[PDB]
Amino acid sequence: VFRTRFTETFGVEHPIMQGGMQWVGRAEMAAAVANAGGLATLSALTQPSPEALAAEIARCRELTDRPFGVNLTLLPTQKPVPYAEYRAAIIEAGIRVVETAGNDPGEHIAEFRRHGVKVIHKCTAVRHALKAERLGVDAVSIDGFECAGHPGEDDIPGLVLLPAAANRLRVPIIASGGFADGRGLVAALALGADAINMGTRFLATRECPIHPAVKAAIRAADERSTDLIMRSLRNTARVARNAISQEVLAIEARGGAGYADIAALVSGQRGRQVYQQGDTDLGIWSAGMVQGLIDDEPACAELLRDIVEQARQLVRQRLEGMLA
């Protein structure tokens, strides 16, 4: 329906991407999005070892014959992670596109480039997107304040961050954070982006491999039901508001709090159980304020189809109508 610099550059049907999703970004998710016409990604670090990732890629290929990418998130953790080996596994597997995120991606970007693997780098500021562009990425994903996950510390929403980035960048731009439907798509495109990336919206789909209680929580949640944890540590993350995030906020409020004082609460091992068991209070789980615009659970195929058709109608009916 839409042809943009994004669809042309990455060879996909729709200007819609399903970026990194720790714990959730497995074969079922990626295959559903790939089969739906969008740019899908398997979460590399969701797999416990480079070998596990190779196997997951194979499993995904059994569910879809269409190409998909892999997200490589650079954890600021101190516990050694065989990043180099994960990269090697991604390349050896024939992956043609990778979405990198985190600090100091340079080393990985260069390696991927040497092997003809395109790179999309998720950034939270214009200065970061520019540095990434100078490093040679194929596109930049501009994550705004609205996003689930790490929005950085500048607190600039997409309405301003996107045009600000479009004013300076040359490579294609992917808008990320706060998008869920055709209205968001058109807004993103008008602001200077060539596609939209979504996370929360994909949690609320039939194929997303998570407990039905989580999908129900997203539908029931309004736009004001998310918390920004670890702001006092300059490691801000937007998560679903629950007993855990609220407790983390209480701890930070007391002042003099360090990561060690919350490591047990924000634990990833604890958060992954939210998606598996469906207990939304077991731990911290990512969700964006965009949940307030979500109240259904379509199959990924119809979802993407409806988004582009809605966007098309907004242009040809609503907007052109105002001009007539």
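Note that residue numbering follows the sequence shown and begins at 1.
Averaged over CA atoms, B-factors in the entry run higher in 253-261 than in the other of 35-43 and 253-261. For the pair 211-219 and 145-153, the mean B factor over Cα atoms is greater in 211-219.
Comparing the C-alpha B-factors of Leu233, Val97, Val160, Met198 in the entry, the top value falls on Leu233. Of the residues listed, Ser286, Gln291, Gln269, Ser49, the entry assigns the biggest Cα temperature factor to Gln269. Per-chain ranking of the deposited C-alpha B factor places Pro80 in the highest third. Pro172: CA B factor lies in the middle third for its chain, per the PDB record.
Among the modelled residues of its chain, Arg238 has a C-alpha B-factor that falls in the lowest third, as given in the PDB entry. The PDB entry assigns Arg113 a C-alpha temperature factor belonging to the highest third of its chain's modelled residues.
Per the deposited record, the Cα B-factor of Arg183 falls in the lowest third when ranked against the other modelled residues of its chain.
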